[PDB]
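What's in model38.cif: mmCIF, N, CA, C and O atoms
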data_start
#
loop_
_atom_site.label_atom_id
_atom_site.label_comp_id
_atom_site.auth_asym_id
_atom_site.auth_seq_id
_atom_site.Cartn_x
_atom_site.Cartn_y
_atom_site.Cartn_z
N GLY A 1 0.82 -1.20 0.00
CA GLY A 1 0.00 0.00 0.00
C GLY A 1 0.87 1.26 0.00
O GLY A 1 0.95 1.96 1.01
N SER A 2 1.49 1.51 -1.14
CA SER A 2 2.34 2.68 -1.29
C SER A 2 3.52 2.59 -0.32
O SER A 2 3.35 2.76 0.89
N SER A 3 4.69 2.32 -0.88
CA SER A 3 5.90 2.20 -0.07
C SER A 3 6.55 3.57 0.09
O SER A 3 6.17 4.53 -0.58
N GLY A 4 7.52 3.63 0.99
CA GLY A 4 8.24 4.87 1.25
C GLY A 4 7.94 5.38 2.66
O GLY A 4 6.91 5.05 3.25
N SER A 5 8.87 6.18 3.17
CA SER A 5 8.73 6.74 4.50
C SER A 5 9.95 7.59 4.84
O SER A 5 11.06 7.07 4.96
N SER A 6 9.71 8.89 4.99
CA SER A 6 10.77 9.82 5.32
C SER A 6 10.88 9.98 6.84
O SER A 6 11.95 9.77 7.41
N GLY A 7 9.76 10.34 7.44
CA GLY A 7 9.72 10.54 8.88
C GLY A 7 8.75 11.66 9.26
O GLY A 7 8.14 12.27 8.38
N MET A 8 8.64 11.90 10.55
CA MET A 8 7.76 12.94 11.06
C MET A 8 8.56 14.09 11.66
O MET A 8 9.72 13.92 12.03
N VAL A 9 7.91 15.24 11.75
CA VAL A 9 8.55 16.42 12.31
C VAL A 9 7.47 17.37 12.86
O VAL A 9 6.67 17.90 12.10
N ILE A 10 7.50 17.54 14.17
CA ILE A 10 6.54 18.41 14.83
C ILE A 10 6.94 19.87 14.60
O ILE A 10 7.51 20.51 15.48
N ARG A 11 6.63 20.36 13.41
CA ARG A 11 6.95 21.73 13.05
C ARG A 11 6.30 22.70 14.04
O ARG A 11 5.10 22.97 13.96
N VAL A 12 7.11 23.20 14.96
CA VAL A 12 6.63 24.13 15.96
C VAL A 12 6.93 25.56 15.50
O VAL A 12 8.09 25.97 15.43
N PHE A 13 5.86 26.29 15.21
CA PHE A 13 5.99 27.66 14.76
C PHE A 13 6.30 28.60 15.93
O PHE A 13 5.61 28.57 16.95
N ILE A 14 7.33 29.40 15.75
CA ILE A 14 7.74 30.34 16.78
C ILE A 14 8.01 31.71 16.14
O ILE A 14 8.52 31.79 15.02
N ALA A 15 7.64 32.75 16.87
CA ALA A 15 7.84 34.11 16.39
C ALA A 15 8.84 34.83 17.30
O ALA A 15 8.44 35.58 18.19
N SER A 16 10.11 34.57 17.04
CA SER A 16 11.17 35.18 17.83
C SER A 16 10.80 36.63 18.15
O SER A 16 11.20 37.16 19.19
N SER A 17 10.05 37.24 17.25
CA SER A 17 9.63 38.62 17.43
C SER A 17 8.10 38.70 17.43
O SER A 17 7.48 38.94 16.39
N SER A 18 7.53 38.49 18.61
CA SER A 18 6.09 38.54 18.76
C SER A 18 5.69 39.71 19.66
O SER A 18 4.87 40.54 19.29
N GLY A 19 6.30 39.74 20.84
CA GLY A 19 6.03 40.80 21.80
C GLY A 19 5.76 40.22 23.19
O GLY A 19 6.45 40.55 24.15
N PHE A 20 4.75 39.36 23.26
CA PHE A 20 4.39 38.73 24.51
C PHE A 20 5.39 37.64 24.90
O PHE A 20 5.35 36.53 24.36
N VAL A 21 6.28 37.99 25.82
CA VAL A 21 7.30 37.06 26.27
C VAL A 21 6.63 35.74 26.66
O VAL A 21 7.16 34.66 26.38
N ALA A 22 5.47 35.86 27.29
CA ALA A 22 4.73 34.68 27.71
C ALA A 22 4.70 33.66 26.58
O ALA A 22 4.96 32.48 26.79
N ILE A 23 4.37 34.15 25.39
CA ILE A 23 4.31 33.30 24.22
C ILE A 23 5.63 32.55 24.06
O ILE A 23 5.65 31.35 23.80
N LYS A 24 6.72 33.30 24.22
CA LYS A 24 8.05 32.72 24.10
C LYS A 24 8.14 31.48 25.00
O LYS A 24 8.42 30.39 24.52
N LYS A 25 7.92 31.71 26.29
CA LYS A 25 7.98 30.63 27.26
C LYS A 25 7.20 29.42 26.72
O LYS A 25 7.73 28.31 26.68
N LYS A 26 5.97 29.68 26.32
CA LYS A 26 5.11 28.63 25.78
C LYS A 26 5.87 27.88 24.68
O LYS A 26 5.91 26.65 24.68
N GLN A 27 6.44 28.65 23.77
CA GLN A 27 7.19 28.08 22.67
C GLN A 27 8.30 27.16 23.20
O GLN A 27 8.60 26.13 22.59
N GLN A 28 8.87 27.56 24.33
CA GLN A 28 9.93 26.78 24.95
C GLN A 28 9.37 25.47 25.51
O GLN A 28 9.70 24.40 25.02
N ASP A 29 8.54 25.61 26.53
CA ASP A 29 7.93 24.45 27.16
C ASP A 29 7.58 23.42 26.09
O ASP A 29 7.60 22.22 26.35
N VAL A 30 7.25 23.93 24.91
CA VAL A 30 6.89 23.07 23.80
C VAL A 30 8.12 22.29 23.34
O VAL A 30 8.25 21.09 23.61
N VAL A 31 9.01 22.99 22.65
CA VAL A 31 10.23 22.38 22.15
C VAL A 31 10.95 21.68 23.30
O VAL A 31 11.37 20.53 23.18
N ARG A 32 11.08 22.41 24.40
CA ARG A 32 11.75 21.88 25.58
C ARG A 32 11.28 20.45 25.85
O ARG A 32 12.10 19.53 25.92
N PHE A 33 9.97 20.30 26.00
CA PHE A 33 9.39 19.00 26.27
C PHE A 33 9.87 17.97 25.24
O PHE A 33 10.32 16.89 25.61
N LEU A 34 9.74 18.34 23.97
CA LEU A 34 10.15 17.46 22.89
C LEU A 34 11.62 17.08 23.08
O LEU A 34 11.97 15.90 23.06
N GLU A 35 12.45 18.10 23.27
CA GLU A 35 13.87 17.88 23.46
C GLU A 35 14.11 16.95 24.66
O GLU A 35 14.84 15.97 24.54
N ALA A 36 13.47 17.29 25.77
CA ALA A 36 13.61 16.50 26.98
C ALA A 36 13.00 15.12 26.75
O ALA A 36 13.33 14.16 27.45
N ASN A 37 12.11 15.05 25.77
CA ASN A 37 11.45 13.81 25.44
C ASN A 37 12.10 13.20 24.19
O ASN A 37 11.62 12.20 23.65
N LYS A 38 13.20 13.82 23.78
CA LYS A 38 13.92 13.35 22.61
C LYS A 38 12.94 13.15 21.45
O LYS A 38 13.04 12.17 20.72
N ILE A 39 12.02 14.10 21.33
CA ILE A 39 11.03 14.03 20.27
C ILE A 39 11.51 14.85 19.07
O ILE A 39 12.15 15.89 19.24
N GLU A 40 11.18 14.36 17.89
CA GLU A 40 11.57 15.04 16.66
C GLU A 40 10.64 16.21 16.38
O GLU A 40 9.42 16.10 16.54
N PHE A 41 11.24 17.32 15.97
CA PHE A 41 10.48 18.52 15.67
C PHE A 41 11.38 19.61 15.08
O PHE A 41 12.58 19.41 14.92
N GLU A 42 10.76 20.74 14.78
CA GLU A 42 11.49 21.87 14.22
C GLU A 42 10.82 23.19 14.61
O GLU A 42 9.60 23.27 14.67
N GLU A 43 11.66 24.18 14.87
CA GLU A 43 11.17 25.49 15.25
C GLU A 43 11.02 26.39 14.02
O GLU A 43 11.96 27.08 13.64
N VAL A 44 9.83 26.34 13.44
CA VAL A 44 9.54 27.14 12.26
C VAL A 44 9.42 28.61 12.66
O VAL A 44 8.35 29.06 13.07
N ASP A 45 10.53 29.32 12.53
CA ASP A 45 10.56 30.73 12.87
C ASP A 45 9.62 31.50 11.94
O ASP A 45 10.03 31.94 10.87
N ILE A 46 8.38 31.63 12.39
CA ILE A 46 7.38 32.33 11.61
C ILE A 46 7.76 33.81 11.51
O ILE A 46 7.42 34.48 10.53
N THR A 47 8.46 34.28 12.53
CA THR A 47 8.90 35.66 12.57
C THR A 47 9.85 35.96 11.41
O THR A 47 9.69 36.96 10.71
N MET A 48 10.82 35.07 11.23
CA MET A 48 11.79 35.22 10.17
C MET A 48 11.13 35.06 8.80
O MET A 48 11.27 35.93 7.93
N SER A 49 10.43 33.95 8.64
CA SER A 49 9.76 33.66 7.39
C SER A 49 8.28 34.07 7.48
O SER A 49 7.49 33.39 8.12
N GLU A 50 7.97 35.19 6.84
CA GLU A 50 6.61 35.70 6.85
C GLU A 50 5.63 34.61 6.40
O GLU A 50 4.64 34.34 7.08
N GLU A 51 5.95 34.00 5.27
CA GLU A 51 5.11 32.94 4.72
C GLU A 51 4.69 31.98 5.83
O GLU A 51 3.50 31.80 6.09
N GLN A 52 5.69 31.37 6.46
CA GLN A 52 5.45 30.43 7.53
C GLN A 52 4.29 30.91 8.40
O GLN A 52 3.35 30.16 8.67
N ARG A 53 4.39 32.16 8.83
CA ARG A 53 3.36 32.75 9.67
C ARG A 53 2.03 32.82 8.91
O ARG A 53 1.02 32.30 9.38
N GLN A 54 2.08 33.46 7.75
CA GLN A 54 0.89 33.60 6.92
C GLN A 54 0.18 32.25 6.78
O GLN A 54 -1.04 32.18 6.93
N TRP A 55 0.97 31.23 6.51
CA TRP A 55 0.43 29.89 6.35
C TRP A 55 -0.39 29.56 7.60
O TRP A 55 -1.58 29.26 7.50
N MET A 56 0.28 29.62 8.74
CA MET A 56 -0.37 29.33 10.00
C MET A 56 -1.72 30.04 10.10
O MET A 56 -2.74 29.42 10.42
N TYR A 57 -1.69 31.34 9.83
CA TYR A 57 -2.90 32.14 9.88
C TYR A 57 -3.98 31.57 8.96
O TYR A 57 -5.15 31.94 9.07
N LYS A 58 -3.55 30.69 8.07
CA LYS A 58 -4.46 30.07 7.12
C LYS A 58 -4.84 28.68 7.63
O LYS A 58 -5.77 28.06 7.11
N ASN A 59 -4.09 28.22 8.62
CA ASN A 59 -4.33 26.91 9.20
C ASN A 59 -4.69 27.07 10.68
O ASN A 59 -4.19 26.33 11.53
N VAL A 60 -5.55 28.04 10.95
CA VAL A 60 -5.98 28.30 12.31
C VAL A 60 -7.35 28.99 12.29
O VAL A 60 -7.48 30.10 11.79
N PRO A 61 -8.36 28.27 12.85
CA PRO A 61 -9.71 28.79 12.89
C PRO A 61 -9.84 29.88 13.96
O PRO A 61 -8.94 30.07 14.77
N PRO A 62 -11.01 30.57 13.93
CA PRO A 62 -11.27 31.63 14.89
C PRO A 62 -11.61 31.06 16.27
O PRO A 62 -11.36 31.69 17.29
N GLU A 63 -12.18 29.86 16.25
CA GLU A 63 -12.56 29.19 17.48
C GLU A 63 -11.31 28.73 18.24
O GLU A 63 -11.37 28.45 19.43
N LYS A 64 -10.21 28.66 17.51
CA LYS A 64 -8.94 28.24 18.09
C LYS A 64 -8.09 29.47 18.39
O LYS A 64 -7.29 29.46 19.33
N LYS A 65 -8.28 30.50 17.58
CA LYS A 65 -7.53 31.73 17.75
C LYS A 65 -7.41 32.05 19.24
O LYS A 65 -8.41 32.21 19.93
N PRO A 66 -6.13 32.13 19.71
CA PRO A 66 -5.86 32.42 21.10
C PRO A 66 -6.10 33.90 21.41
O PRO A 66 -6.33 34.69 20.50
N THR A 67 -6.04 34.22 22.70
CA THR A 67 -6.24 35.59 23.13
C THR A 67 -7.34 36.26 22.30
O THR A 67 -8.52 36.09 22.57
N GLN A 68 -6.89 37.00 21.29
CA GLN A 68 -7.82 37.70 20.41
C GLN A 68 -7.09 38.19 19.16
O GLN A 68 -5.94 38.64 19.24
N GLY A 69 -7.78 38.09 18.04
CA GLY A 69 -7.21 38.52 16.77
C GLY A 69 -6.46 37.37 16.09
O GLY A 69 -6.70 36.21 16.39
N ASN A 70 -5.56 37.75 15.20
CA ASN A 70 -4.76 36.77 14.47
C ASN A 70 -4.21 35.74 15.46
O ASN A 70 -4.08 36.02 16.65
N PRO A 71 -3.90 34.53 14.92
CA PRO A 71 -3.37 33.45 15.74
C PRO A 71 -1.91 33.71 16.09
O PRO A 71 -1.12 34.11 15.24
N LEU A 72 -1.59 33.47 17.36
CA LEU A 72 -0.23 33.66 17.84
C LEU A 72 0.36 32.31 18.24
O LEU A 72 -0.37 31.36 18.51
N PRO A 73 1.72 32.27 18.27
CA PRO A 73 2.42 31.05 18.63
C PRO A 73 2.35 30.81 20.14
O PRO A 73 1.93 31.68 20.90
N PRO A 74 2.77 29.58 20.55
CA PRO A 74 3.25 28.60 19.59
C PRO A 74 2.09 27.98 18.81
O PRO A 74 0.94 28.03 19.25
N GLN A 75 2.42 27.40 17.67
CA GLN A 75 1.42 26.77 16.83
C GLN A 75 1.97 25.47 16.23
O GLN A 75 2.29 25.41 15.05
N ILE A 76 2.06 24.46 17.09
CA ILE A 76 2.56 23.16 16.66
C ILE A 76 1.81 22.71 15.41
O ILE A 76 0.60 22.92 15.30
N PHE A 77 2.55 22.11 14.49
CA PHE A 77 1.97 21.63 13.25
C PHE A 77 2.69 20.38 12.75
O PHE A 77 3.84 20.45 12.33
N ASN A 78 1.99 19.26 12.81
CA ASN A 78 2.55 17.99 12.37
C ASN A 78 2.34 17.84 10.87
O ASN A 78 1.26 17.45 10.42
N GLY A 79 3.39 18.17 10.12
CA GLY A 79 3.33 18.07 8.67
C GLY A 79 2.47 19.20 8.08
O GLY A 79 2.98 20.28 7.80
N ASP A 80 1.20 18.90 7.92
CA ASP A 80 0.27 19.87 7.37
C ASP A 80 -1.05 19.80 8.14
O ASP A 80 -2.06 20.34 7.70
N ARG A 81 -1.00 19.13 9.28
CA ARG A 81 -2.17 18.99 10.12
C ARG A 81 -2.06 19.89 11.36
O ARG A 81 -1.06 19.84 12.07
N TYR A 82 -3.10 20.68 11.57
CA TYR A 82 -3.13 21.59 12.70
C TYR A 82 -3.18 20.82 14.02
O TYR A 82 -4.22 20.27 14.38
N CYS A 83 -2.05 20.80 14.70
CA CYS A 83 -1.95 20.11 15.97
C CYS A 83 -2.75 20.89 17.01
O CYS A 83 -3.85 20.50 17.38
N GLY A 84 -2.16 22.00 17.45
CA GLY A 84 -2.81 22.84 18.44
C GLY A 84 -1.80 23.79 19.09
O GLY A 84 -0.62 23.46 19.21
N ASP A 85 -2.30 24.95 19.50
CA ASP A 85 -1.46 25.94 20.14
C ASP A 85 -1.03 25.44 21.52
O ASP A 85 -1.38 24.33 21.91
N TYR A 86 -0.28 26.28 22.22
CA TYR A 86 0.20 25.93 23.54
C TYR A 86 -0.95 25.41 24.42
O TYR A 86 -0.74 24.52 25.24
N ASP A 87 -2.12 25.98 24.21
CA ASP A 87 -3.30 25.59 24.96
C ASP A 87 -3.51 24.08 24.81
O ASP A 87 -3.67 23.36 25.79
N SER A 88 -3.51 23.64 23.56
CA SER A 88 -3.71 22.23 23.26
C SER A 88 -2.62 21.40 23.94
O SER A 88 -2.92 20.53 24.76
N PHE A 89 -1.38 21.69 23.57
CA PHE A 89 -0.25 20.97 24.14
C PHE A 89 -0.39 20.84 25.66
O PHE A 89 -0.43 19.73 26.18
N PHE A 90 -0.47 21.98 26.32
CA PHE A 90 -0.60 22.01 27.76
C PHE A 90 -1.75 21.11 28.22
O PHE A 90 -1.58 20.28 29.11
N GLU A 91 -2.90 21.31 27.59
CA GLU A 91 -4.08 20.53 27.92
C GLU A 91 -3.80 19.04 27.74
O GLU A 91 -4.55 18.19 28.24
N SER A 92 -2.73 18.75 27.02
CA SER A 92 -2.34 17.38 26.76
C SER A 92 -1.30 16.93 27.80
O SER A 92 -1.41 15.83 28.34
N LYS A 93 -0.34 17.80 28.04
CA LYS A 93 0.71 17.50 29.00
C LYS A 93 0.09 16.95 30.28
O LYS A 93 0.60 16.01 30.88
N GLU A 94 -1.02 17.57 30.67
CA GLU A 94 -1.73 17.16 31.87
C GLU A 94 -2.16 15.69 31.76
O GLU A 94 -2.20 14.97 32.76
N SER A 95 -2.47 15.29 30.53
CA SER A 95 -2.89 13.92 30.28
C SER A 95 -1.73 13.11 29.71
O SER A 95 -1.87 11.92 29.45
N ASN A 96 -0.60 13.79 29.53
CA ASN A 96 0.58 13.15 28.99
C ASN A 96 0.25 12.54 27.63
O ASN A 96 0.62 11.39 27.36
N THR A 97 -0.43 13.32 26.81
CA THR A 97 -0.81 12.87 25.48
C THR A 97 -0.12 13.72 24.41
O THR A 97 -0.44 13.60 23.23
N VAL A 98 0.80 14.55 24.87
CA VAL A 98 1.54 15.42 23.96
C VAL A 98 1.90 14.64 22.70
O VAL A 98 1.74 15.15 21.59
N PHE A 99 2.38 13.42 22.91
CA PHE A 99 2.76 12.57 21.80
C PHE A 99 1.60 12.36 20.83
O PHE A 99 1.73 12.62 19.63
N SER A 100 0.48 11.91 21.39
CA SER A 100 -0.71 11.66 20.59
C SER A 100 -1.26 12.99 20.06
O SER A 100 -1.84 13.04 18.98
N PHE A 101 -1.07 14.03 20.86
CA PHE A 101 -1.54 15.35 20.48
C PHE A 101 -0.87 15.83 19.20
O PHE A 101 -1.49 16.54 18.40
N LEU A 102 0.38 15.44 19.04
CA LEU A 102 1.14 15.82 17.86
C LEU A 102 0.93 14.77 16.76
O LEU A 102 1.13 15.06 15.58
N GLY A 103 0.54 13.58 17.19
CA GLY A 103 0.31 12.49 16.26
C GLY A 103 1.46 11.49 16.28
O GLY A 103 1.79 10.89 15.26
N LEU A 104 2.04 11.33 17.46
CA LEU A 104 3.15 10.41 17.64
C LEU A 104 2.63 9.11 18.25
O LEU A 104 3.12 8.68 19.30
N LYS A 105 1.66 8.52 17.58
CA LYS A 105 1.08 7.27 18.04
C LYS A 105 0.03 6.79 17.03
O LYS A 105 -1.16 7.01 17.21
N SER A 106 0.53 6.14 15.98
CA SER A 106 -0.35 5.63 14.94
C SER A 106 0.47 4.85 13.91
O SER A 106 0.86 5.39 12.88
N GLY A 107 0.71 3.58 14.23
CA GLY A 107 1.48 2.72 13.34
C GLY A 107 2.93 2.60 13.81
O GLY A 107 3.35 3.30 14.74
N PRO A 108 3.68 1.69 13.14
CA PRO A 108 5.07 1.46 13.48
C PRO A 108 5.95 2.61 12.97
O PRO A 108 5.73 3.12 11.88
N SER A 109 6.93 2.97 13.79
CA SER A 109 7.84 4.05 13.44
C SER A 109 8.83 4.29 14.58
O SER A 109 10.04 4.20 14.38
N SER A 110 8.28 4.58 15.75
CA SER A 110 9.10 4.83 16.92
C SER A 110 9.88 3.57 17.30
O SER A 110 9.51 2.46 16.90
N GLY A 111 10.95 3.77 18.05
CA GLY A 111 11.79 2.66 18.48
C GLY A 111 13.27 2.99 18.30
O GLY A 111 13.64 4.16 18.18
#
Mind turning this structure into structure tokens?
Amino acid sequence: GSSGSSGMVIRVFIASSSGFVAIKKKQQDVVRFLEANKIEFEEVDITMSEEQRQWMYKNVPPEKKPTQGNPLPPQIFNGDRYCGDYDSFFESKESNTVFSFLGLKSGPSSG
């Protein structure tokens, strides 16, 4: 059923230049966890690459939009699937589902 397999990457969008330091921390706790969990991911500097950000703004509903207005980081994104902002992650950490929250639990791969 279609061979091939590159791998996964929890593309974590970060805006080095956002304003709300709080957001920064969130971005950390995110990557941090992954790092501490030896989880694969990448810090998509949305700040540096406008597109990256713009994209996110296109992959984020209003019902998910944090605080108020345009969507702010962090904005974890597994491939092209909207994982969830820090809110999601955190809401998962409590259940220790961060892995599943990102989609790190569905078929053989890990090990």
Worksheet item: Can you list, as a PyMOL selection string, every residue of region 43-95 of chain A that DSSP puts in alpha helix (DSSP H)?
Response: chain A and resi 50-58+86-93
Skip residue 43 (chain A) itself and residues of its chain fewer than 5 positions away, then list as an mmCIF file with N, CA, C and O atoms, keeping the file's coordinate frame all residues within 8 Å of it, counting only N, CA, C and O atoms.
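To be explicit, this is the file written out as result.cif:
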data_model
loop_
_atom_site.group_PDB
_atom_site.id
_atom_site.type_symbol
_atom_site.label_atom_id
_atom_site.label_comp_id
_atom_site.auth_asym_id
_atom_site.auth_seq_id
_atom_site.Cartn_x
_atom_site.Cartn_y
_atom_site.Cartn_z
ATOM 1 N N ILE A 10 7.500 17.540 14.170
ATOM 2 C CA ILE A 10 6.540 18.410 14.830
ATOM 3 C C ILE A 10 6.940 19.870 14.600
ATOM 4 O O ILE A 10 7.510 20.510 15.480
ATOM 5 N N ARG A 11 6.630 20.360 13.410
ATOM 6 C CA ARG A 11 6.950 21.730 13.050
ATOM 7 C C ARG A 11 6.300 22.700 14.040
ATOM 8 O O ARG A 11 5.100 22.970 13.960
ATOM 9 N N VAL A 12 7.110 23.200 14.960
ATOM 10 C CA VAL A 12 6.630 24.130 15.960
ATOM 11 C C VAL A 12 6.930 25.560 15.500
ATOM 12 O O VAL A 12 8.090 25.970 15.430
ATOM 13 N N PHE A 13 5.860 26.290 15.210
ATOM 14 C CA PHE A 13 5.990 27.660 14.760
ATOM 15 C C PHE A 13 6.300 28.600 15.930
ATOM 16 O O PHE A 13 5.610 28.570 16.950
ATOM 17 N N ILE A 14 7.330 29.400 15.750
ATOM 18 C CA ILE A 14 7.740 30.340 16.780
ATOM 19 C C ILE A 14 8.010 31.710 16.140
ATOM 20 O O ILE A 14 8.520 31.790 15.020
ATOM 21 N N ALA A 15 7.640 32.750 16.870
ATOM 22 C CA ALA A 15 7.840 34.110 16.390
ATOM 23 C C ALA A 15 8.840 34.830 17.300
ATOM 24 O O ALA A 15 8.440 35.580 18.190
ATOM 25 N N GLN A 27 6.440 28.650 23.770
ATOM 26 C CA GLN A 27 7.190 28.080 22.670
ATOM 27 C C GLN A 27 8.300 27.160 23.200
ATOM 28 O O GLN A 27 8.600 26.130 22.590
ATOM 29 N N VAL A 31 9.010 22.990 22.650
ATOM 30 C CA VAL A 31 10.230 22.380 22.150
ATOM 31 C C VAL A 31 10.950 21.680 23.300
ATOM 32 O O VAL A 31 11.370 20.530 23.180
#
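Counting only C-alpha atoms, the residue from A:19, A:1, A:111, A:73 that sits nearest to residue 60 (chain A) is A:73.
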Discussion item. So, with all atoms listed in the file as the atoms that count, which of A:16, A:86, A:7, A:21 lies closest to residue 48 (chain A)?
Written reply: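 Of A:16, A:86, A:7, A:21, the one nearest residue 48 (chain A), counting all atoms listed in the file, is A:16.
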Fill in: Atomic distance CA of residue 104 (chain A) - atom N of residue 68 (chain A), expressed in Å with one decimal
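Distance reported for this atom pair: 28.7 Å.
Taking CA of residue 106 (chain A) as the reference point, atom C of residue 57 (chain A) is found at 26.9 Å.
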Could you write out as an mmCIF file with N, CA, C and O atoms, in the frame of the given file the residues that the PyMOL selection byres ((chain A and resi 41) around 4.5) matches in the shown file?
data_model
loop_
_atom_site.group_PDB
_atom_site.id
_atom_site.type_symbol
_atom_site.label_atom_id
_atom_site.label_comp_id
_atom_site.auth_asym_id
_atom_site.auth_seq_id
_atom_site.Cartn_x
_atom_site.Cartn_y
_atom_site.Cartn_z
ATOM 1 N N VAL A 9 7.910 15.240 11.750
ATOM 2 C CA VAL A 9 8.550 16.420 12.310
ATOM 3 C C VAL A 9 7.470 17.370 12.860
ATOM 4 O O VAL A 9 6.670 17.900 12.100
ATOM 5 N N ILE A 10 7.500 17.540 14.170
ATOM 6 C CA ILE A 10 6.540 18.410 14.830
ATOM 7 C C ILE A 10 6.940 19.870 14.600
ATOM 8 O O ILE A 10 7.510 20.510 15.480
ATOM 9 N N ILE A 39 12.020 14.100 21.330
ATOM 10 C CA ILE A 39 11.030 14.030 20.270
ATOM 11 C C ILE A 39 11.510 14.850 19.070
ATOM 12 O O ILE A 39 12.150 15.890 19.240
ATOM 13 N N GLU A 40 11.180 14.360 17.890
ATOM 14 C CA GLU A 40 11.570 15.040 16.660
ATOM 15 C C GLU A 40 10.640 16.210 16.380
ATOM 16 O O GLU A 40 9.420 16.100 16.540
ATOM 17 N N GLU A 42 10.760 20.740 14.780
ATOM 18 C CA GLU A 42 11.490 21.870 14.220
ATOM 19 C C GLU A 42 10.820 23.190 14.610
ATOM 20 O O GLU A 42 9.600 23.270 14.670
#
Worksheet item: the PyMOL selection byres (((chain A and resi 97-100 and name CA) around 10) and name CA) on the file shown: which residues, as a ChimeraX atom specification?
Response: /A:10,30,33-34,37,39,83,88-96,101-106
Worksheet item: Could you state the separation of atom N of residue 54 (chain A) and atom C of residue 78 (chain A) in Å, given to one decimal place?
Response: 15.9 Å
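Minimum distance to residue 58 (chain A) across A:8, A:38, A:81, A:23 (counting only C-alpha atoms) occurs at A:81.
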